[PDB]
Every structure is written in C-alpha cells, then in structure tokens.
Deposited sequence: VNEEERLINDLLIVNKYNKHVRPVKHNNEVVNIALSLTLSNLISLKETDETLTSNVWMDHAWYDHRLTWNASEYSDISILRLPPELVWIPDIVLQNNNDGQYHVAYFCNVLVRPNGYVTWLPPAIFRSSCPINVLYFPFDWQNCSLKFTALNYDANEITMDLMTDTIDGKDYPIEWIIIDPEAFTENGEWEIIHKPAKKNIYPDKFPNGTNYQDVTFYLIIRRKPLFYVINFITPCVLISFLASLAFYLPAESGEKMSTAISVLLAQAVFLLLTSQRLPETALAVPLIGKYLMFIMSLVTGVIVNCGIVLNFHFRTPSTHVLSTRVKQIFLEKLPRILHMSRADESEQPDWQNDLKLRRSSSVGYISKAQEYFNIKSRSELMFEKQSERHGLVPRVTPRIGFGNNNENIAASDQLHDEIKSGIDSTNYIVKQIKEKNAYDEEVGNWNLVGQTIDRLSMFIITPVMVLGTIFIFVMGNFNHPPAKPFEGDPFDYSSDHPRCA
C-alpha cells in the first residue's frame, strides 16, 4: 500500500509539527472556510432557553505541508488522516449552555495532493437563545449559533463562509444547509429563515480572538396546535360559561356557584400555564394576558352576581324601595333592554283581623316581587354589558396572536433573502 509510504513521508520524514499554523511565513493568514448543516432540530425547551441541535460543521483550509506529487507515488489523489495527527483549526461554539465547545466526533480529515483539507465533524450543540414570550403560543423565535476561533487572532487565521459554484461563478453559502430528503421536520417548530453571516467587530482589534465571528441564525415559528387544543379552546369555553350566570334565575340558588367554579377552572388553567414558560420579565405572554383579563372579568361577574342577589333578597322589613330605584330599574332600563250578641261581634272582629293580616302579607309579597324585578333588570344589563366585552376581548387577543408571522425577511435593513434558492449574483 503506497498510502503508508506517502503518509510516512508527509508526517514523519518531513517532521510535521501539528502545533504550527500551515503558513510559509509567519505573517500570512490561514483562511478557514466553514459551513453548517442541520441534521435535525432536537429541541427548544423554553424553560431554560436552550436550543439543542444536531449539526455537521464543514471545514476547509489549505496546508502546504500536506502536498505531494501524485505521480511520484501511485496515482493517490486523496488521503484520510486522523485530526490528532494534523493541524486543526479549533473553531468553537461560543454561546453554548452546557460547557460543550467542541464537535462530538473527531472524524478523519480528507487531504488532496494540492494541500486542500476538508473536515466534516458532526456535533450536538446546546446553545443559549433567549425566548421572546410576547406572543406565546403564537410566537416565533430567533436563535443563533455563534462560532469563534479562540486559538488564533484575526491576523493569523481568517474565518469565511464556504463557497459553491453553479455555472462557473462561485458564491458564498450564506445559509444553513438543510438536506431536503434526510431532514425530518421538528414536531413543534418550523424553520422560516436560516441565514449565515461573518461578523466583524470594528471596535476590537485584529490581534485578538474577539474580532472575528461566523453566526448561523435559525428563525423558527412555533406550531400552535397542542396549546390551541389543550389550553386555549377549553379555557375560552369555560370562560364563556361565566356569562350564563346572568341568565340563571336568582331563585335557583346557583349563580355564585357557577361563577366561582368558572374562576376555579381558570385558576387550574393558570397553574397549567405557569409551568410552560420561563420566568423572564421582558413581557407578559399573550396567554398570560388573556388569563389575567378573563380572570378579572370573571371576578367582576362574581361581584355583580353578589350585588344582584343582594338586591333580590331585600324585603320591606329591612330595605326601602325608593322612587328613584323604581323609575330606573322598573320603567327605563326594562324598556331600553327590550325586556319581556257578643259572640258574633267577636267573630266579626276576628275575621276583620284575618283580612287585615292577609292584606299586609299581600303588600309585603308584592314589594318583594318588585325587588325581584329590579334584580332581573340588573342581570339583563350586566349580561348585555359583559358578554360583548368578553367576546370582543377574546377575539381581539387571539387574532392579535394569530397575526404574528415572522417578518419574511431577516435582518430588517437587508434586502437579501439569504435563501438557498437565490445565491447572491
């Protein structure tokens, strides 16, 4: 096998020092072109704001020491060398969560006779991307993977986006590469944009490791089905049940029970929702806003049911039905709301007393009925005022949520799509 002789010549006879940059003079720059391939998006668990992803880092550089004349050997046009034997550019994910800066598997490099070296190690990365909870669960996130070369400064090695050719003209690969066949869509997230950028920081200096950067962005949109089915619709329906308290007659002693039970169910939903989101304080989540609004409205419904019951149970022995109340709640509002021989002497005296008592009881009863009508009018007014508020608030909140598409173009000031279909020029 001539490969053995060739490798011995390259590494042993030539005294290859893997700790030295491949430059003939110690002022030139080694160019490392890198690209990212997303094998699969594993998770974006929002509780601790971590993006787990399976990616394949593609590396390419030149090493003048790993050059040979293919004819002087057999026609060997390529070699596979372990990375522990050759100089490797240490490019690390800087914004990682768990303390894993490097690739998972240090695979062999591929070397051509002209010194071209390609390295394609796969990696599992757990990067930190903050979560914008503003429109949860109708939100889209903007997560980033930031790669830096911390072993050499910008004067020594230059990071660049890899380039590809279509019709004789090469263009940079300014996006994350996704294989349409192998890639399996995430259960919860849809990828909208996937740009790639080489960032320079002019306020730093070239003789430092914090001057260069290559960042890959993933603008992903949540798929709102689990939350719509299990969280939003049942809460919305149970909340709408609170308006039925106004249609429930005061004689049926269950207005307060109904309203309070609705509030308890909403408290259960609050408990469920609290566990799904991080503790950040940038904004209140959309679902949180809706829960606060609906719980406040249901508390108002409970208070107003209490007021109605207090009115319904007033009696002439404890309250006075003033003329103002009668005019307001029995004439005006119902119209506006379109509402729908001593022994015989003793006997005579006894029957007169009976008649007097019966008349007094009848007056008592009719004024009680007046109080009942006042309560019914208050119920009708409350329903007409609160049901539309509930419906409109719910509709507005959730159509605002449903109108939260990503901007359709990353880098607001940029007219480029960063789409793999339309490379620059």
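Asks: Comparing the deposited sequence with the modelled residues, which stretches have no C-alpha coordinates?
Replies: In sequence order, the gaps with no modelled C-alpha are 1, 342-415, 501.
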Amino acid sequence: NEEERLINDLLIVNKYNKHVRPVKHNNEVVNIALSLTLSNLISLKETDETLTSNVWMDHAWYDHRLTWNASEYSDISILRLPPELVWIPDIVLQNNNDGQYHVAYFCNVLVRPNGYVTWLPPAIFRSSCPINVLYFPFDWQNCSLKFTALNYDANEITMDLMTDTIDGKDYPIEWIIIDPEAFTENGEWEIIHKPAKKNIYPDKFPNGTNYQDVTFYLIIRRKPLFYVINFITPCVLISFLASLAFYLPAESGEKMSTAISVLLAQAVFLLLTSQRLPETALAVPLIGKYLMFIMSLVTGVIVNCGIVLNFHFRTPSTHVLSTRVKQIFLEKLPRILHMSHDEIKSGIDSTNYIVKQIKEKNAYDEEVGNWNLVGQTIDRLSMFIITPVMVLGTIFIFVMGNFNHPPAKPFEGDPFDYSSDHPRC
From here on, numbers count along this sequence of modelled residues.
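Rigid core (definition): largest C-alpha set, two forms, superposition within 1.5 Å.
Asks: Determine, for 180-188 and 305-313, which one has C-alphas that on average lie farther from this form in 8 other deposited structures of this protein; superpose on the rigid core first.
Replies: Comparing 305-313 with 180-188, the one that moves more in 8 other deposited structures of this protein is 180-188.
Asks: After fitting on the rigid core, pick out whichever of 267-275 or 142-150 shows the bigger RMS C-alpha deviation in 8 other deposited structures of this protein.
Replies: Per-stretch check in 8 other deposited structures of this protein: the more divergent one is 267-275.
Asks: How about residue 98: is it missing from at least a third of the other entries compared?
Replies: No, residue 98 is modelled in every one of the other compared entries that cover both of its flanks.
Asks: At least a third of the other compared entries: do they leave residue 342 without coordinates?
Replies: Across the compared entries, residue 342 is left out in at least a third.
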